[PDB]
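Quick setup: one chain, the form solved without the DNA, written in structure tokens, and binding and motion questions come after.
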């Protein structure tokens, strides 16, 4: 399994919501039977990482008889205005053996309809939450070519996480 460069992780999962950023997304995934698959995806040539994960589901050769928990540690919450939330809704509505957890570093405020994405994902059975120190360090330890270096928090990690978490819980009340 391949690991991402540390600077790519840090640049993409920094959770300060008031920074101007390129609209790139990184999505670290793990899939476990409730038989594991792990990896990471970014947007490529206009196709969002969420859809690329859906693209690769068949290649994972999951047993249609079993239940699987899929976890996404995603740098941006999935969009509405470019169809991600709806495709994820479709996927989950049919593939009822998949339970999806979405832990987002940041809310995708670049999408005017981001709240509709969050609400739609919830209504389809996905568990959506905001990444905390725990998740950032887990992703550093699990998906990053860190060469034994411990995780070091960026300025404001905990504050941003708590503010975004309050936003998200307010939206999904």
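Take the two forms, superpose them, and find the largest set of C-alpha atoms that agree within 1.5 Å; that set is the rigid core. Positions refer to the first chain, counted from 1.
Comparing 94-102 with 78-86, which has C-alphas lying farther from the shown form in 5 other deposited structures of this protein once the core is aligned? Most displaced of the pair in 5 other deposited structures of this protein: 78-86.
Please work out whether 35-43 or 48-56 has the higher root mean square C-alpha deviation in 5 other deposited structures of this protein relative to the shown form, with the rigid core as fitting region? Of the two stretches, the larger average C-alpha offset in 5 other deposited structures of this protein falls on 35-43.
Count of coordinate-less deposited residues separating residue 34 and residue 35, as none, 1 to 3, 4 to 9, or 10 or more? The entry leaves 4 to 9 residues without coordinates here.
Output the stretch having the higher mean C-alpha B factor in the entry; the candidates are 69-77 and 94-102. The recorded data point to 94-102.
Selected stretch [higher average CA B-factor]: 59-67 or 25-33: Result of the comparison: 59-67.
Per the coordinate record, which of the options 141, 50, 134, 109 holds the highest CA temperature factor? The record points to 109.
Lowest, middle or highest third: where is residue 130 by Cα B-factor in its chain? It belongs to the lowest third of the chain when residues are ordered by C-alpha B-factor.
For residue 158, the third of its chain into which the C-alpha B factor falls: Middle third by C-alpha B-factor.
Quick check for you: using the entry's CA B-factors within this chain, is residue 41 in the lowest, middle or highest third? Lowest third.
Which third, lowest, middle or highest, does the C-alpha temperature factor of residue 11 belong to within its own chain? Highest third, going by the recorded CA B-factors of the chain.
Below, we turn to the form solved in complex with the DNA, even though it does not appear here.
Contact of residue 132 with the DNA in the deposited complex (heavy atom, 4.5 Å): It does not: once the DNA is placed as it appears in the deposited complex, residue 132 has no heavy atom within 4.5 Å of it.
Considering only heavy atoms, tell me if residue 35 and the DNA come within 4.5 Å of each other in the deposited complex. No, residue 35 sits far enough from the DNA in the deposited complex that none of its heavy atoms falls within 4.5 Å.
Can you work out whether residue 88 and the DNA are in contact in the deposited complex, taking contact to mean some heavy atom pair no more than 4.5 Å apart? Answer no; every heavy atom of residue 88 is more than 4.5 Å from the DNA in the deposited complex.
Are any of the heavy atoms in residue 68 no more than 4.5 Å from a heavy atom of the DNA in the deposited complex? No, residue 68 stays farther than 4.5 Å from the DNA in the deposited complex.
Since the chain is shown here on its own, which stretch among 56-64, 100-108, 116-124, 142-150 would lie within 4.5 Å of the DNA in the deposited complex, judged by heavy atoms? Heavy-atom contact with the partner occurs in 100-108.
Where, within 143-173, is there a heavy atom within 4.5 Å of the DNA in the deposited complex? Residue list please. Residues within 4.5 Å: none.
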